[PDB]
Amino acid sequence: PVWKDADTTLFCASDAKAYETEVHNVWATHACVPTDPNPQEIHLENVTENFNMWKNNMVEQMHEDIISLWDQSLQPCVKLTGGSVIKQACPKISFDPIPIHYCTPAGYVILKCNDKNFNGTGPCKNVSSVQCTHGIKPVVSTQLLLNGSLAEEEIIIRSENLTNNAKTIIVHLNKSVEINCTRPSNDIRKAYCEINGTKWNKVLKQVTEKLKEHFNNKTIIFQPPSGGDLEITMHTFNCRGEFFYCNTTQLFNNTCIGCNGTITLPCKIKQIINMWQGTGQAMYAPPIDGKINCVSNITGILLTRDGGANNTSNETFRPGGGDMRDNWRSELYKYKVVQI
Ligand SMILES: CN1CCN(C(=O)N2C[C@H](CN)C[C@H](C(=O)Nc3ccc(Cl)c(F)c3)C2)CC1
Ligand SMILES: *[C@@H]1O[C@H](CO)[C@@H](O)[C@H](O)[C@H]1NC(C)=O
Ligand SMILES: *[C@@H]1O[C@H](CO)[C@@H](O)[C@H](O)[C@H]1NC(C)=O
Ligand SMILES: *[C@@H]1O[C@H](CO)[C@@H](O)[C@H](O)[C@H]1NC(C)=O
Ligand SMILES: *[C@@H]1O[C@H](CO)[C@@H](O)[C@H](O)[C@H]1NC(C)=O
Ligand SMILES: *[C@@H]1O[C@H](CO)[C@@H](O)[C@H](O)[C@H]1NC(C)=O
Ligand SMILES: *[C@@H]1O[C@H](CO)[C@@H](O)[C@H](O)[C@H]1NC(C)=O
Ligand SMILES: *[C@@H]1O[C@H](CO)[C@@H](O)[C@H](O)[C@H]1NC(C)=O
Ligand SMILES: *[C@@H]1O[C@H](CO)[C@@H](O)[C@H](O)[C@H]1NC(C)=O
Ligand SMILES: *[C@@H]1O[C@H](CO)[C@@H](O)[C@H](O)[C@H]1NC(C)=O
Ligand SMILES: *[C@@H]1O[C@H](CO)[C@@H](O)[C@H](O)[C@H]1NC(C)=O
Ligand SMILES: *[C@@H]1O[C@H](CO)[C@@H](O)[C@H](O)[C@H]1NC(C)=O
Ligand SMILES: *[C@@H]1O[C@H](CO)[C@@H](O)[C@H](O)[C@H]1NC(C)=O
């Protein structure tokens, strides 16, 4: 019953249905094992551990998989990679991320912080031990984190160094905000997302107050990104295979804290993407026919605070994204690998 921080090679578990053609099911059928049918965590009594979500290998462990997963599934007609043009087959596929678990091999375990207000760094008091993590959907997105877990109590602000403006801030919402995005049946690339103005605005209000506590009640200001390539300037995600690019100016720019209706963001489905796995562009074919719809829960926000504001009374925050390791860090933050 003693251990030390260490890294090893993990394996995955998921409930992939062997028959299903959906790319995540297929990727998990041949690369992951069946989920533990008999899990049991082991509370360690009055044991206090330290965690660090910004420096956790599990996150790089998951990243590598999703990159492998996307490489063998979601695959472009043409891939441009620093002066190369590999052409390929690019058939429309079935895409809907499932949860995947991360388990340790014999000789190690994962420590799971259960402080409902854990921020991801430092000390944790109620510490549990698990063999595998819970089911995590590997949802790829910028600006908004969708379909994830929620914070159990207060909205949590996660960062490696709040004081360093270069380090990303992950907001962990305690209440989700539904976001419905549709590309109507037959511009075929035109689409949009609908969001409750009231709900979203109340949540953003609350978020503002949280950041207030972390930044000496200094005026909090939200704005959209200042410069970017579209993947970052817009809220980007994949819905049923298609890459959606939505303009979130109406969430971070009306402030509005008579505005309380249904926010409607304009989006566009882009065949040509700047990849997240590695630098390069990938070009897909045009969209599939019929209404393409994905309703998702917004569960977190990726923010970047402005710099050089030290001499003012304001703090400016803009939605960020691009590095997916932060998206995985969004769910894995409470886990840590220790060798027995
Ligand atoms: C650093 N590391 C290595 C290479 N990367 C880049 O160069 N990126 C820059 C690029 C614009 N310049 C945006 C990229 C991005 O996020 N693409 C993206 C694609 C599809 C979806 Cl669905 C999505 F949500 C996002 C991030 C990845 C990060
Ligand atoms: C510690 O977390 C575990 C996980 O559910 C649970 O027993 C309870 O929330 C906490 N226990 C105590 C004694 O606080
Ligand atoms: C969410 O957390 C905030 C604190 O940031 C709190 O005021 C609010 O009541 C919480 N709401 C829910 C639904 O948990
Ligand atoms: C996280 O919590 C620890 C301990 O309470 C604290 O030292 C650290 O500053 C916190 N980080 C943030 C971003 O709140
Ligand atoms: C946090 O950022 C500030 C500003 O760059 C820096 O001076 C400080 O050393 C950072 N904290 C740590 C622990 O490095
Ligand atoms: C989502 O949007 C479409 C089109 O506006 C609508 O038909 C549907 O009822 C909305 N809600 C859900 C849960 O799909
Ligand atoms: C938006 O959510 C609020 C609760 O915050 C609710 O009163 C209202 O019915 C919702 N709006 C719509 C159009 O469903
Ligand atoms: C922020 O303002 C609130 C006012 O409700 C006050 O109670 C609190 O002490 C202030 N905190 C800081 C860090 O300025
Ligand atoms: C998003 O829409 C607003 C208008 O609502 C526009 O000013 C802005 O340029 C758009 N964003 C981008 C990156 O084009
Ligand atoms: C929103 O901010 C953007 C700056 O990127 C700009 O289009 C616009 O002036 C702002 N909104 C309003 C209502 O002025
Ligand atoms: C979120 O989950 C819903 C229900 O499982 C799904 O229909 C939707 O496609 C998911 N969103 C994304 C972006 O994958
Ligand atoms: C969206 O949120 C509701 C309530 O927070 C939850 O019951 C539901 O499972 C969430 N959807 C997904 C796809 O996780
Ligand atoms: C802004 O303030 C932080 C901490 O107060 C400091 O670490 C950082 O270097 C400052 N930035 C500039 C440009 O002075």
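Everything here concerns the structure above.
Residues numbered from 1 in each chain as written, not as in the entry; some residues may be left out. Chains lettered and ligands numbered in written order. Heavy atoms only, no water.

Visitor: Describe the overall build of the protein, listing the residues and the values that go with them.
Guide: Scanning the protein for helices and strands turns up five helices and 23 strands. Taken over the C-alpha trace, the protein has a radius of gyration of 21 Å; the compact-globule value for 340 residues is 20 Å, and the two agree within 12%. Dimensions along the principal axes, computed over C-alpha positions, put the protein at roughly 60 × 55 × 40 Å. A total of 340 residues make up the protein; the buried ones form 47% of that total. (Helix = DSSP H or I, 4+ residues; strand = E, 2+ residues; numbered from the N terminus. Rg over C-alpha atoms; globule rule 2.2 N^0.38 Å. Buried < 20%, exposed > 50% of the residue type's maximum accessible area, 1.4 Å probe, protein only.)

Visitor: Would you mind going over the nonpolar core in detail, with residue names and values included?
Guide: Core analysis: the biggest nonpolar cluster contains 40 residues, and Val171, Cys193, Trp200, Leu211, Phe222 and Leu303 have the highest contact counts within it. Tallying contributions element by element places strand β13 (residues 169-183) first for this core, with six residues. Those residues within four positions of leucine 303 in sequence are excluded, and the remaining contacts are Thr168, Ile169, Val171, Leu211, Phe222, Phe252, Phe317, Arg318, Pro319 and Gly320. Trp70, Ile136, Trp276 and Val337 belong to the second-largest nonpolar core, a separate cluster that totals 34 residues. (Core = buried A, V, L, I, M, F, W, Y, C linked by side-chain atoms within 4.5 Å. Contact = heavy atoms within 4.5 Å.)

Visitor: Describe the packing of aromatic side chains, with residues and values.
Guide: All told, the structure shown has twelve aromatic pairs when counted by the stated rule. With a centroid separation of 5.4 Å and an interplanar angle of 80 degrees, the aromatic rings of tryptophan 70 and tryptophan 276 are classed as edge-to-face. You'll find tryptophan 70 and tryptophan 276 in the same group, each marked buried. Ring geometry for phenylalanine 222 versus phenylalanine 317: centroids 6.1 Å apart, planes at 55 degrees, classification tilted. A residue is classified by how much of its surface remains accessible, and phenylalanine 317, at 0% relative accessible area, is buried. (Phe/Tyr/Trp six-rings, centres within 6.5 Å; stacked < 30°, edge-to-face > 60°.)

Visitor: I'd like a description of the sheet that holds strand β8 (residues 108-113), backed by residues and values.
Guide: Taken in spatial order, the four strands of this open sheet run β1-β23-β8-β10, and their pairing is antiparallel. Where the open sheet ends on each side, the last strands, each with one partner, are β1 (4-5) and β10 (127-130). Sheet analysis places β1 next to strand β23 (residues 335-339), joined by two bridges and oriented antiparallel. Bridging from a neighbouring strand, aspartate 5 pairs with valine 338 of β23. (Pairing = 2+ DSSP bridges.)

Visitor: So what's going on with the pairing of strand β16 (residues 235-239)? Which residues, and what values?
Guide: Where burial is concerned, most of β16 is hidden: five out of the five residues are buried. With burial as the criterion, each face of β16 is covered, one bearing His235, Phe237 and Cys239 and the other bearing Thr236 and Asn238. Two elements, β16 and strand β17 (residues 242-246), share five bridges in a ladder whose sense is antiparallel. In the strand pairing of β17, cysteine 239 is matched with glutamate 242. The antiparallel pairing of β16 with β17 creates a hairpin that spans two residues between the two strands, and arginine 240 there sits at a positive phi of about 50 degrees.

Visitor: Can you break down the state of the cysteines residue by residue, with the values?
Guide: For the structure shown, the criterion picks out eight disulfides. What pairs with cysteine 113 in a disulfide is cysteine 124, and their sulfur atoms sit 2.0 Å apart. Classification of the bridge connecting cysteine 113 and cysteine 124 rests on its S-S torsion, roughly 95 degrees, and on that basis the disulfide is right-handed. Taken together, the positions of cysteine 113 in strand β8 and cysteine 124 in strand β9 (residues 121-124) put the pair eleven residues apart, joining distant regions of the chain. When sorted by exposure, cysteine 113 lands in the same class as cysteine 124, which is buried. Note that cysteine 256 is cross-linked by a disulfide to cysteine 259, the S-S spacing being 2.0 Å. Here the disulfide of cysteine 256 and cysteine 259 is right-handed, its torsion about the S-S bond being about 115 degrees. (Disulfide = S-S within 2.5 Å.)

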